[PDB]
Amino acid sequence: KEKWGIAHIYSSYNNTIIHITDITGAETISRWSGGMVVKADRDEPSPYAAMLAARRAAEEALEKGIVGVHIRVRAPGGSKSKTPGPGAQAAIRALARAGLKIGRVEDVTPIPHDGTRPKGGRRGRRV
RNA sequence: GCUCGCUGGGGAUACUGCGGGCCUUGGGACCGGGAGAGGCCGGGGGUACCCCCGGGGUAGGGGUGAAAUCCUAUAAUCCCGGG
Ligand SMILES: [Mg+2]
Ligand SMILES: [Mg+2]
Ligand SMILES: [Mg+2]
């Protein structure tokens, strides 16, 4: 019939990870990060690295019979930043251009109800 | 005039003091329907986070103005089921 999967996208200020699994989440189809396609640490979070990694992952998934995906995009969350980096939308767009159908899109950043304390002291980074 | 201080008598009763009597405006007591993260004791939860075990996957993850120490083939980062 139709084999649908899930694309988990992890976006921070330092890197991007694109991880395609099956509908239940328990079996991995492909997994590509920014440091696997570019050679400079400075370029790992850039949008272009996101496009390259997304294209590699989409090809590997298409060869194995996946037809479309649902998307789950997240920032680090927790006691770290709640805002996704610059490579989220670029990764989302490059999946559709590569041949997959796109289902529903949502963000699953984990948000505390007044949880743990953040690193940096009571004055924070002083640069 | 000064030593502004003392002492014997007579008079007055507004104010202050002392004795009695009568009040309710200040203050306190009590009754009614409501408001509030006021305090203490007992019970039940919420996400997040860290560690441990099992399944997948395979070469990087993390971090900076730029880097390196550090973590990772005893299988990490990432995803799933439990404690
Ligand atoms: Mg890297
Ligand atoms: Mg300075
Ligand atoms: Mg394991």
Side-chain angles (χ1 to χ4, degrees):
Chain A
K1 193 172 299 302
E2 298 280 70
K3 300 181 182 181
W4 283 75
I6 305 172
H8 312 265
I9 301 172
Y10 185 99
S11 192
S12 79
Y13 289 142
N14 286 324
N15 207 343
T16 304
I17 299 176
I18 295 162
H19 185 177
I20 293 185
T21 75
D22 74 304
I23 196 63
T24 202
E27 285 282 349
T28 292
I29 303 298
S30 44
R31 183 175 59 198
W32 288 81
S33 69
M36 286 159 69
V37 301
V38 304
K39 299 307 180 302
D41 304 3
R42 194 175 170 275
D43 292 314
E44 282 176 348
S46 73
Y48 189 64
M51 296 180 182
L52 296 174
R55 276 162 37 182
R56 295 305 296 273
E59 296 171 356
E60 281 206 18
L62 275 173
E63 83 188 19
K64 284 180 178 181
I66 300 293
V67 162
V69 289
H70 306 284
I71 295 179
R72 298 183 188 176
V73 48
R74 70 168 289 199
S79 54
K80 298 164 166 45
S81 61
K82 317 299 182 302
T83 286
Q89 290 298 312
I92 294 190
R93 291 181 44 180
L95 285 176
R97 235 178 169 269
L100 302 171
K101 311 187 177 75
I102 304 296
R104 37 195 159 89
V105 175
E106 65 197 24
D107 65 325
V108 298
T109 298
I111 298 296
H113 296 151
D114 258 16
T116 58
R117 179 191 189 106
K119 186 179 55 60
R122 67 182 271 106
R123 301 187 283 165
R125 278 179 104 248
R126 300 180 296 283
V127 289

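Just the heavy atoms: all of them, side chains too, but no hydrogens, waters or symmetry mates, feed the values below. To find a chain, count down the sequence lines: A is the first, B the second, and so on, and within it residues start at 1.
Phosphate proximity of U77(B) to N15(A): absent, as no side-chain N or O sits under 4.0 Å from OP1 or OP2. Close to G61(B), at under 4.0 Å from its OP1 or OP2, lies a side-chain N or O of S33(A). Neither OP1 nor OP2 of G62(B) sits under 4.0 Å from any side-chain N or O of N14(A).
Look at CG on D114(A): it is 17 Å from P on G46(B), rounded to the nearest Å. Distance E60(A) CD to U58(B) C1': 11 Å, rounded to the nearest Å.
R74(A) comes within contact range of the sugar-phosphate backbone alone, with a heavy-atom separation under 4.0 Å but no base atom that close. Looking at heavy-atom distances under 4.0 Å, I29(A) makes no contact with the nucleic acid at all.
Distances from the side chain of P112(A) to the nucleotides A48(B), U77(B), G60(B) place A48(B) closest. When distances are taken from the side chain of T28(A) to each of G56(B), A48(B), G61(B), the shortest belongs to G56(B). Listed nucleotides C79(B), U77(B), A48(B) differ in distance to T21(A); the shortest reach to its side chain belongs to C79(B). When distances run from any side-chain atom of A26(A) to the nucleotides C80(B), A48(B), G61(B), the shortest one goes to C80(B).
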Might you list the N or O atoms of the protein lying below 3.5 Å from N or O atoms in nucleotides 65-73 of chain B, with each pair's distance?
unit_1 : atom_1 : unit_2  : atom_2 : d
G65(B) : OP1    : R125(A) : NH2    : 3.3

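Judged by the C1'-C2'-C3'-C4' torsion, the sugar of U69(B) sits on the north side, since the angle is positive.
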